[PDB]
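**Q** Input: one structure, supplied below.
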Amino acid sequence: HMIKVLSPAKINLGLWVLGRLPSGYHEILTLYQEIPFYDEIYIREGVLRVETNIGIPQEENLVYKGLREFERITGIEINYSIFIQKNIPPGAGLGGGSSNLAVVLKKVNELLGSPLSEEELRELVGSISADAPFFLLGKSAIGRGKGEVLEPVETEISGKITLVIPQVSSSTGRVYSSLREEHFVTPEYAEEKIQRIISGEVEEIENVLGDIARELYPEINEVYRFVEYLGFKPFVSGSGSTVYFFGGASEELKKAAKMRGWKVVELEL
Ligand SMILES: CCOC(=O)CC1(n2cc(C#CCNS(=O)(=O)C3CC3)c(N)nc2=O)COC1
Ligand SMILES: [Br-]
Ligand SMILES: [Cl-]
Ligand SMILES: [Cl-]
């Protein structure tokens, strides 16, 4: 009884770090935007299994963790064989893993008569990824706290957006480790910026994790510089590696990408 579900990516339309929390760990402000860029997930009745087309081991897979935890918290034994075709590259700063977790858990929770409630499902996926509960609502939301405290917003942003993803996998942990006092802003500063972005002022986007990721991973910087050369303002999603801009891909971009092994994703918002 196999079904297919799409699992969307996000971009961060701006990110600010307010400071360190005892638990690791950083308080942030960000604007999440869902983008029409999807992993395809085939769910079939069978023995619990989570496979991808890109060799993520089952034990490492957020979706598998999530479904084992579902078993724990619910006392129901899950009989679903999961295959995920990963178009959203891990380490691209687009929340593909967290998306997979949220959508699969939401689906399996329905397919099993809805044992968990909206707030529980959210606490479950949220426990694994701070990221992950944005994907239970989608569209556009402000993330506060560590990204889990969400406020749905209506954005005045539309038209072409292009993603340029280099074949470096940004380690978010290594990015947060280059953070210094100098990178933090006040929440009031960030809230004014986000308001402006929400009203369609894309030039107000900025992200210190991107600034850092460009220093640590020279290839992110190479893409950034290339996008400027092409005559667009570049921006960085998550803590990289993705660079995006508000325009279309030229043939010269497509050529540079094929040659360098960058993925170019043209979308419309
Ligand atoms: C143990 C030390 O490492 C960390 O805690 C850094 C990490 N982190 C991650 C956070 C997050 C989040 C979700 N929003 S987001 O768009 O994906 C943003 C790119 C992080 C966060 N708010 N604070 C953090 O400190 C854990 O994943 C990166
Ligand atoms: Br610091
Ligand atoms: Cl079978
Ligand atoms: Cl690099």
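Our numbering is plain: 1 for the first residue shown, then up by one each step along the chain.
Placement of Cβ uses the backbone N, Cα and C atoms for every residue, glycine included.
According to Swiss-Prot, the feature active site maps to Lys10, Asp131, an assignment based on sequence analysis. The ATP binding site feature in Swiss-Prot is assigned to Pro89, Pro90, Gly91, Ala92, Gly93, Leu94, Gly95, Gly96, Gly97, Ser98, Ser99.
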**Q** Run through the Cβ atoms and count how many others sit within 10 Å of the one on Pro89 (ATP binding site).
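**A** By my count, 19.
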**Q** Using an 8 Å cut-off from the Cβ centroid of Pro89, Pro90, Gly91, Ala92, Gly93, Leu94, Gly95, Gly96, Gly97, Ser98, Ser99, can you name the remaining same-chain residues around the ATP site, in sequence order?
**A** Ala9, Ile88, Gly238
**Q** How many whole Å apart are the CA atoms of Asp131 (active site) and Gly95 (ATP binding site)?
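**A** Rounded to a whole number, the Cα-Cα distance is 7 Å.
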**Q** Please list, in sequence order, the residues in the chain of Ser99 (ATP binding site) that are at least six apart in sequence and whose C-beta is under 8 Å away from its C-beta.
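**A** Within the chain, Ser99 (ATP binding site) has Cβ neighbours under 8 Å at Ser7, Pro8, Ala9, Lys10, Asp39, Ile88, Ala132, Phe135.
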**Q** Of these binding-site residues, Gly91, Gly93, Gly95, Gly97, which scores lowest on Cβ atoms within 10 Å?
**A** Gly91
**Q** Run through the Cβ atoms and count how many others sit within 10 Å of the one on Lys10 (active site).
**A** 28
**Q** Tell me, by DSSP, whether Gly91 (ATP binding site) is helix, strand or coil?
**A** coil
**Q** Checking proximity to ligand 1 here: which recorded positions out of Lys10, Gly91, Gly97, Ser99, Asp131 have their Cβ closer than 6 Å to it?
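**A** Among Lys10, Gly91, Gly97, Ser99, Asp131, near ligand 1: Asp131.
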**Q** Other than its own, how many Cβ atoms are within 10 Å of the Cβ belonging to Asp131 (active site)?
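**A** For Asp131 (active site), the count of other Cβ atoms within 10 Å is 24.
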